[PDB]
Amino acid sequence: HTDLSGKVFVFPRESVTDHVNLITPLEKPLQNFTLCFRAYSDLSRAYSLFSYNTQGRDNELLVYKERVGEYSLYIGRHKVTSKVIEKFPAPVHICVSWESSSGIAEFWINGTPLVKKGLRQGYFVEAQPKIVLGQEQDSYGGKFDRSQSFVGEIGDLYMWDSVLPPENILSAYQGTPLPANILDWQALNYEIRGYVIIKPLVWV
């Protein structure tokens, strides 16, 4: 229940411990989800964008940037990666969905669909997560690694417990996002830890 409309989290330096915890009362394992957000970073090294771990389970749901032009999704430790043409540095809008019944993962980058990949067909993502921005978890809520830290700005984050169709992804990118039931930027419960500053969104 904070409205972050028009605002970003700024992670202004590299560190082991600067991060934001995102709080959701998620009790039911996820069969389907979509996650969208905008990010702006001038790192060239690898970094985590969104880290969701559960007790005893590393990389339960992880969105990770390998290198320029390459986005990975981990589900239950397993991973897929898809490629895109992108400028560097540049702001980006990222959406990723995953559907247990097919295993299909869909990345959409600036409203453009990447090649579909598939993993973990039939699996359910475990509930009661710890969700972190700014660092990559290796434990339940911690064991960070500064070489995977996100330095830069993140905004307009939403997470739904369904697979959004293309029209709803384009709405998030450049229209009005559909209100979201797991995490929603207009009513976000978060905890800042360390050096993270909230500022207006000034980039597109």
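Counting begins at 1, following the sequence as shown. Basically, rigid core = biggest C-alpha set you can superpose within 1.5 Å across the two forms.
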Between stretches 169-177 and 26-34, more displaced by Cα RMS in 8 other deposited structures of this protein (rigid core superposition): 169-177
Going by the mean C-alpha B-factor recorded in the entry, which is higher: 21-29 or 184-192? 21-29
Stretch with the greater mean C-alpha B-factor as recorded in the entry, comparing 36-44 against 167-175: 167-175
Check the PDB entry and point out which of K117, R120, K83, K87 has the largest C-alpha temperature factor. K87
Looking at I131, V125, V92, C95, which has the highest CA B-factor as recorded? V125
Position of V8 among the chain's modelled residues by C-alpha B-factor, lowest, middle or highest third: lowest
By its CA B factor, does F144 count among the lowest, middle or highest third of the modelled residues in the chain? middle
Chain third (lowest, middle, highest) by recorded CA B-factor, residue given as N59: middle
In terms of the CA temperature factor given in the entry, to which third of its chain does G111 belong: lowest, middle or highest? highest
